[PDB]
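[1] Pasting an experimental structure with its sequence.
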Amino acid sequence: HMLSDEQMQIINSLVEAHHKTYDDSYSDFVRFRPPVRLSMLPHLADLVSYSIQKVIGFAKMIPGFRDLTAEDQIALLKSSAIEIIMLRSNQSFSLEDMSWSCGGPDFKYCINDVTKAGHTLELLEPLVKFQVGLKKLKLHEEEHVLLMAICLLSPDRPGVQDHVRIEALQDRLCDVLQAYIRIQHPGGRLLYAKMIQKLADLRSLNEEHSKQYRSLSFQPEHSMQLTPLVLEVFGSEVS
Amino acid sequence: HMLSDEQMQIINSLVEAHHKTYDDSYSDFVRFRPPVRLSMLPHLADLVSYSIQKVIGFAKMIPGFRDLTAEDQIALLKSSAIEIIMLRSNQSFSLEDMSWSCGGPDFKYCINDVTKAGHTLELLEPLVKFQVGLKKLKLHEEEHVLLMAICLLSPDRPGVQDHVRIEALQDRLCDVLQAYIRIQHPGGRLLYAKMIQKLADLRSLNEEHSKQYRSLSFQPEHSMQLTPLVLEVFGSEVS
Amino acid sequence: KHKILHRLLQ
Amino acid sequence: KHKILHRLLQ
Ligand SMILES: C=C1/C(=C\C=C2/CCC[C@]3(C)[C@@H]([C@H](C)C/C=C/C(C)(C)O)CC[C@@H]23)[C@H](O)[C@@H](O)C[C@@H]1O
Ligand SMILES: C=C1/C(=C\C=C2/CCC[C@]3(C)[C@@H]([C@H](C)C/C=C/C(C)(C)O)CC[C@@H]23)[C@H](O)[C@@H](O)C[C@@H]1O
């Protein structure tokens, strides 16, 4: 068994989409309001807002995403954006430091940094355990981007209209991922099941983040520190 | 002739209100998104947003402002905020440099800096001429804060309900200013008329800024760079 | 509306 | 509503 021409074209475009939207130099970060050690909410608001723009760019290059209706595109992004940021952040995460390292000690985020942005160990503990278990998977970049696309293209999200179309798109991506792992990932007989478990964990992380984000968004002295894009994407408006 | 006890109490509280809300060290500025030389819109958005918070703090300490209804307080601030920022910015303005110097070459703003925030010489020329003519007045701090309070307490602004109350408050402040100048300002026989002319110029500056701000606010790639407070205060929502 | 202004105005 | 998202989504 091997992968088809169409299956690897999907992988090609998804890999290119991610390289174009994830900048390993992190040099854009000096443009954010600086970190301060809710001391850290300005910096992390800007970080997340910047990351949302990159997730929108990645999404737009997923085969078939741009052909969905504008509402479905919004629906999928409003529900999944925080999950994709959590998944994509694994690339900067270090097992050795148990934190996210983004090219410079100013842009090294530990758990305590995120408590100074208004969050609690009720979210930060499962998040760090998620990152470490995901890092231990040692995913190929191919598998990493496929999982982001699969996560994004979930039809079981609030607001989606074209359930049938989104599922067919996600089905094809899962097919690609299962085949890639069997053929290209030595010893990956259990990998696909683990990755689908991580998608389950993200739903739980999403739920907890939304809960804690409501606290921020309901206190104007904190919500005023957010960005207009963050207010939109994480807000409760429905199209 | 001399000033009454009640007149100088007004001056006392207005001077204290301004010292508490204008920080001559400008050390808070390192918290703004950095300047970049619409390169400068992030930094100037943060600068203006910070300055709005200080104008609200100053307003709250004007005798009688806090006893107005919440709507009138909002109405006066939404219409006058940009004018008070223009007036209060004269304190950092230099005739020698023709620019605003805020403790550090990173926080020195020339006209070209503000064109990189989306504005045109149609606004920036009258603004710089306003600052230089206002600086040439050599106002006492007493006169400076009285003019900010008078500007803020104008009843002829859209949205105000209690015309009669706001005018009485502004009337008392004008009385204080006229008396202060006659008694305490050597050679100020023409000063009060000039200061009231500057209030006229601010209306013209306000008009032009609102026009150019509409361009920013209508293009989402620029409006997303603004702050939630700036969006509120300069926005067109009416209570 | 004016959520932040209301909060800032106490 | 969703003014920025619409613009970013082209
Ligand atoms: C964003 C990315 C990166 C790190 C991510 C992190 C580390 C900091 C804390 C973060 C943002 C979590 C926190 C719960 C979010 C709170 C948001 C508000 C305050 C609005 O509730 C979620 C993920 C977490 C890296 O810089 C790099 O990998 C690029 C990547 O995109
Ligand atoms: C704000 C203050 C100071 C300088 C003010 C300035 C200089 C920079 C350009 C400025 C903000 C003008 C520009 C038209 C505004 C655009 C706003 C958006 C882009 C939203 O349209 C208006 C005043 C101008 C000093 O830092 C100090 O004196 C504190 C003071 O409060």
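    All right, it came through fine. Numbers count the residues shown, from 1 in each chain, chains lettered A, B, ... in the order given. Ligands and ions are numbered 1, 2, ... in the order given.

[2] Could you check how many residues crowd around the residue of chain C found nearest chain A?
    Nearest residue of chain C to chain A (CB to the nearest CB) works out as residue C:7 at 3.7 Å. All C-beta atoms are positioned from the backbone trio N, CA, C, and that covers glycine. Residue C:7 has 13 neighbours, counted by other CB atoms under 10 Å in any protein chain shown.

[3] Is there proximity between whichever strand or helix holds it and chain B?
    Taking DSSP states H and E as the definition, one finds residue C:7 inside helix C:3-8. Yes - Helix C:3-8 is in contact with chain B by CB under 8 Å from any CB of the partner chain, via C:3, C:4, C:5, C:6, C:8.

[4] buried stuff in that helix?
    Of all the residues in helix C:3-8, those buried under the rule 16 or more other CB atoms under 10 Å in any protein chain shown are C:4, C:5, C:8.

[5] Please apply the same query to stretch A:74-87.
    A:74-87.

[6] could I get those residues as CSV with secondary structure?
    Formatted as CSV, the buried residues of stretch A:74-87 follow (DSSP: H, G, I helix; E, B strand; the rest coil):
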residue, secondary structure
A:74, helix
A:75, helix
A:76, helix
A:77, helix
A:78, helix
A:79, helix
A:80, helix
A:81, helix
A:82, helix
A:83, helix
A:84, helix
A:85, helix
A:86, helix
A:87, helix
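
[7] wait, which of these is closest to residue A:203?
    Residue A:203 lies nearest to residue A:83 out of those, by CB to CB, at 7.6 Å.

[8] Could you measure from that closest one over to residue A:95?
    The spacing between residue A:83 and residue A:95, counted by CB to CB, to the nearest Å, is 21 Å.

[9] so the residue lying farthest from the centre of chain C, which of the three states?
    Computed with CA atoms, centre = their mean, the residue of chain C farthest from its C-alpha average is residue C:1, at 8.6 Å. Under the three-state scheme (three-state DSSP), residue C:1 adopts coil.

[10] Touching, it and residue B:237? I think so.
    Yes - with contacts counted by CB atoms under 8 Å, residue C:1 reaches residue B:237, the gap being 5.0 Å.

[11] Next up, the contacts around the residue of chain A found nearest chain C.
    Relative to chain C, the nearest point of chain A is residue A:220 (3.7 Å; CB to the nearest CB). Residue A:220 sits next to C:3, C:4, C:6, C:7, C:8 when contact means CB atoms under 8 Å, 6 or more residues apart in numbering or on different chains.

[12] quick one: residue A:36 and residue A:225 touch, right?
    No - using CB under 8 Å, residue A:36 is not in contact with residue A:225; the gap is 11.6 Å.

[13] what's the spacing between residue A:123 and residue A:114?
    8 Å.

[14] again with residue A:30
    Per CB to CB, residue A:30 is found 20 Å from residue A:114.

[15] quick one, strands of chain A?
    Using DSSP state E, the strands of chain A run over A:93-94, A:99-101, A:108-109.

[16] Dump those into a markdown table; add distance to residue B:180 and mean neighbour count as well.
    Converted to a markdown table, the strands of chain A look like this (distance: least, CB to CB, whole Å; neighbours: other CB atoms under 10 Å in any protein chain shown):
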| stretch | distance to residue B:180 | mean neighbour count |
| --- | --- | --- |
| strand A:93-94 | 63 | 16 |
| strand A:99-101 | 58 | 18 |
| strand A:108-109 | 54 | 19 |
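
[17] sorry, back to before: for the residue farthest from the centre of chain C, list the residues it contacts.
    B:237, B:239.

[18] go again using 6 Å as the cut-off
    Contacts of residue C:1 were listed using CB atoms under 6 Å, 6 or more residues apart in numbering or on different chains, and they are residue B:237.

[19] Closest to the centroid, which residue in chain A?
    By CA atoms, centre = their mean, the most central residue of chain A is residue A:84, 1.2 Å off.

[20] Let me fix that, I meant to ask about chain C.
    Per CA atoms, centre = their mean, the C-alpha nearest to the average position across chain C is that of residue C:6, at 1.9 Å.

[21] From residue B:149, how far out is the spatially closest residue to that residue that is not a sequence neighbour?
    Distance criterion CB to CB, 6 or more residues apart in numbering or on different chains; nearest residue to residue C:6, sequence neighbours excluded, is residue B:70 at 6.6 Å. For residue B:70, the distance to residue B:149 equals 19 Å [CB to CB].

[22] Looking at the two, which one has more neighbours?
    Shown here are residue B:70 and residue B:149; by other CB under 10 Å, residue B:149 has more neighbours (29 against 13).

[23] which residues does the more buried one contact?
    B:14, B:62, B:173.

[24] residues near whatever residue of chain A ends up closest to ligand 2, how many?
    Going by CB to the nearest ligand atom, ligand 2 is nearest to residue A:228 of chain A, at 12.7 Å. When neighbours are counted by other CB under 10 Å, residue A:228 registers 19.

[25] Need the phi and psi values for the closest residue to it other than its chain neighbours.
    Nearest residue to residue A:228, sequence neighbours excluded (CB to CB, 6+ apart): residue B:224, at 4.9 Å. Main-chain dihedrals, residue B:224, degrees, to the nearest 10: phi -70, psi -20.

[26] Equivalent analysis for residue A:137, please.
    Note on residue A:137: its backbone torsions stand at phi -70, psi -20 [degrees, to the nearest 10].

[27] ok, and the closest non-adjacent residue to it?
    residue A:194 (6.1 Å).

[28] what's the answer for residue A:14, then?
    residue A:145 (4.3 Å).

[29] I figured that neighbour hits residue A:18, correct?
    Yes - at 4.6 Å, residue A:145 and residue A:18 qualify as touching, with contact defined as CB atoms under 6 Å.

[30] Please identify which of those two sits among more neighbours.
    residue A:145 (27 against 21).

[31] which residues touch that one?
    Residue A:145 touches A:14, A:15, A:18, counting by CB under 6 Å, 6+ apart.

[32] so residue A:83 sits right up against residue A:200, yeah?
    No - if you go by CB under 6 Å, residue A:83 and residue A:200 don't touch, sitting 11.0 Å apart.

[33] Fine by me, thanks again.
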